[PDB]
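> everything below, folded, please.
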Amino acid sequence: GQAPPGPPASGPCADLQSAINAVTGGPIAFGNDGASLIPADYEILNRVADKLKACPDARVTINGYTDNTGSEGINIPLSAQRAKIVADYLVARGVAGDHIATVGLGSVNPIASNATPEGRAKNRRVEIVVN
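Residues are numbered from 1 along each chain as shown. Coordinates below:
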């Protein structure tokens with residue numbers, strides 16, 4: 001079952017969005033595909049987790065994106081994998097996994113032109129959104 005998403009005084013909390021955005025400096029830029037993030041990864045994810053634990057009442061939606069040059073449909077599970085990576089780190093840092101939501105939107109909000117692989121590398125980014 002799934003507990004009804006009706007939080008009386010839960011949800012609206014400190015601006016973790018702007019807080020985490022301040023550390024990330026925007027979206028989560030990746031530089032590895034096919035394998036997992038090796039040690040000496042991103043201290044930012046460790047930093048982000050800190051404020052997510054500060055207000056574990058909140059819900060965070062990690063949105064993953066991809067380039068549109070790929071086969072549509074696959075982008076969904078793919079970006080969902082990218083987002084899961086962050087969640088795993090957050091949970092590993094002591095953040096409540098049940099309060100973290102990882103989604104894969106594939107190609108939705110394109111940052112750069114897909115004509116160039118560079119832009120595609122930007123488009124495959126992931127963003128942490130606070131509910």
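
> and residue 87, what element?
helix 75-92 (DSSP states H and E).

> report all helices and strands that the helix or strand that comes right after that helix contacts.
Next in sequence after helix 75-92, counting helices and strands by DSSP H and E, comes strand 100-106. Secondary-structure packing of strand 100-106 (3 or more Cβ pairs under 8 Å, 6 or more residues apart in numbering; DSSP states H and E): strand 60-65, helix 75-92. Yep, even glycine has a C-beta here, placed from its N, CA and C like the rest.

> angle of the helix holding residue 87 against strand 60-65?
If you take axes from the mean of the first three to the mean of the last three Cα atoms, to 10 degrees, helix 75-92 sits at 140 degrees to strand 60-65.

> got the buried residues for helix 75-92?
Under the neighbour-count criterion of 16 or more other Cβ atoms under 10 Å, helix 75-92 has 75-76, 78-80, 82-91 buried.

> what is the nearest of the residues you listed to residue 119?
residue 75 (15.0 Å; Cβ to Cβ).

> quick check: closest non-adjacent residue to that closest one.
residue 106 (2.9 Å; Cβ to Cβ, 6 or more residues apart in numbering).

> the one you found contacts residue 63, doesn't it?
No. Taking contacts as Cβ atoms under 8 Å, residue 106 lies outside contact range of residue 63: 10.3 Å.

> list residues touching both of the two?
Taking Cβ atoms under 8 Å, 6 or more residues apart in numbering as the contact rule, residue 106 and residue 63 both touch residue 79.

> ok now stretch 42-50, how far from the chain's centre?
For stretch 42-50, the separation from the chain centroid amounts to 12 Å (computed by Cα atoms, centre = their mean, to the nearest Å).

> can you list the buried residues in that stretch?
Within stretch 42-50, the residues that qualify as buried are 42, 45, 48, 49, counting by 16+ other Cβ under 10 Å.

> please tell me I have it right and the third one contacts residue 24.
Yes. Residue 48 lies in contact with residue 24 (Cβ under 8 Å); the separation is 6.6 Å.
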